[PDB]
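> PDB entry and its sequence, pasted below:
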Amino acid sequence: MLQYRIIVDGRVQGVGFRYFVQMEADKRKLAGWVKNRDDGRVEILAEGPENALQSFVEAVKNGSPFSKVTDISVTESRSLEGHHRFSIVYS
């Protein structure tokens, strides 16, 4: 099994884009956290199977909400965490 870290920029907020991505996390039973960086990006990190993690990357990258991405970066690992929920930093 796998993990990602993702960073995104664009209109990547508005009222709850960070909530939206964690809905899409739960929808594919990923488990991890979401944050808004002081540098202005949103950042996401979660464990899951490869197909779930990549389908989630498409869900962020597509900018399906009113909030949408215009730049994305992704890193991937095998470093499972034992995460069993989604979490939202109060950034």
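Here it is on my side, so go on. Numbers count the residues shown, from 1 in each chain.
> Every contact and neighbour count from this point should use C-alpha atoms.
Will do.
> for the closest residue in space to residue 44 that isn't next to it in sequence, which residues make a bridge with it?
Leaving aside its chain neighbours, residue 44 sits nearest to residue 34 (4.4 Å; criterion: C-alpha to C-alpha, 6 or more residues apart in numbering). Beta-bridge pairing for residue 34 (DSSP bridges): residue 44, residue 88.
> any idea how far the residue nearest to the spatial centre of the chain is from residue 25?
For the chain, the residue nearest the mean C-alpha position is residue 44 (3.9 Å; C-alpha atoms, centre = their mean). Distance of residue 44 to residue 25, given as C-alpha to C-alpha, to the nearest Å: 10 Å.
> Quick one: residues contacting residue 42.
Residue 42 makes contact with 7-9, 12, 18, 34-36, according to C-alpha atoms under 8 Å, 6 or more residues apart in numbering.
> In which helix or strand does residue 24 reside?
Residue 24 is located in helix 17-27, with elements delineated by DSSP states H and E.
> Show me the helices in this protein, by range?
Using DSSP state H, the helices of the chain run over 17-27, 50-61.
> Using CSV, lay out these together with distance to residue 78.
Listed next are these as CSV, based on distance: least, C-alpha to C-alpha, whole Å:
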stretch, distance to residue 78
helix 17-27, 18
helix 50-61, 10
